[PDB]
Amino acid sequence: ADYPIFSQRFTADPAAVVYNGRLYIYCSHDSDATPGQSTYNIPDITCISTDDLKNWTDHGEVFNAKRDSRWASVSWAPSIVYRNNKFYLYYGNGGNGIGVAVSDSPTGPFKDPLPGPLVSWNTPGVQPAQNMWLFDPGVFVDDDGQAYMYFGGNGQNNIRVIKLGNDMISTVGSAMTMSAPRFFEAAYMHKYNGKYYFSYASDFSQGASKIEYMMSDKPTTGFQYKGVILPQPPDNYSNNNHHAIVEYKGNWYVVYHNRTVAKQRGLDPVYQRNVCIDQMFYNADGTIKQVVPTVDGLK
C-alpha cells in the first residue's frame, strides 16, 4: 500500500463511510496556497474511495458551498452518513452555521436543500456560549433510530449535541451541552459493543493537539475520559489534528491528516494537508489502544 495515499490535491479533516463494499473518505479540500493566505481556503469537499485499501479512486470535489448551497460560502470538516438510501454530508460554513447537503450517490452531486443553516447561533440550546466555534459536525445514528449531531469548538464546555429528524435535514428539540477535557474541535461519535465513544481534537494547552476520547453507556451524558487515540502524526508541524473512526470489512481504522505531501514538496504546510489512514485496535475492556502512525503503507 502507498504512503501518502492521495496527493493530487490537498485534503484535511476526513470523514468516512462504507457503501457497497467500498470505503469512501470525504475531506476538506485545502485549496492550493495563495499569496497572502492567512486562514483556511476550503470551498469544497473532496471524495476518494477504495475497495481494497490499495487503489484509491479520486472522485473529485463532490460538494462546493457556493455552487451547491443557497447560503454558505465554505465547507469545512465534513461529516458523512448513509441513511434512507441517501448520503448526507454535513459541513461547517466557517463558523457561520452548519449545513447539510444530500445526494443519492456517494459521489454527488451533493446539494443543500435548505434556505439557511441546519444549525445556527440561533438554534435553541446553543447559546449561551462564550468563545464557541459553531462548526465541525459529527453525526451519528443510534440503534433506536435517533440521529444526533455533535458540534462545537474552543473549550471544555463548548460541545453541543442536537437530535436530527429521521429525514436528516431537520433538527428536533434543543441542543444540549457536553463537556470534555481540553476540547478544541473535531467532535466525533461512534458506538461499539454497547459503548459510546466521544472522540475529539484537544487544545494546545499541554502540548500539541491530540485525538482524545471519552466513553459512556449513554449518547449525550455519562462520559468519562479514557486517553489518547492519536498523537501528533509525523510531518505535522505541531499543527491541527482531525480524525474519523470507521469499521471496514471487520477491522477498524482512524482516518486523519498530516502535512507530508507539503513537506516533501517544500511547500507551506499550514493549510496544505493530506489525508492518512491507520489501523485501530480495541483493548479487551473496550478502551482504544493508541494508534501507531505508519509511513510505509497499511500492512
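Start at 1 and count along the sequence shown; that's the residue number.
- Relative to one another, 197-205 and 121-129 have unequal mean CA B-factors, and 121-129 is the one with the higher figure.
- Stretches compared: 104-112, 180-188. Higher mean C-alpha B-factor in the entry: 104-112.
- The top Cα temperature factor in the record, among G222, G153, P137, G165, falls on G222.
- When the CA B factors of the chain's modelled residues are split into thirds, the value for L53 lands in the highest one.
- In the deposited entry, the Cα temperature factor of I42 sits in the bottom third of values across the chain's modelled residues.
- Per-chain ranking of the deposited C-alpha B factor places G173 in the highest third.
- Among the modelled residues of its chain, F10 has a C-alpha B-factor that falls in the lowest third according to the deposited record.
- Annotation for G36: C-alpha temperature factor in the highest third relative to the rest of the modelled chain, per the entry.
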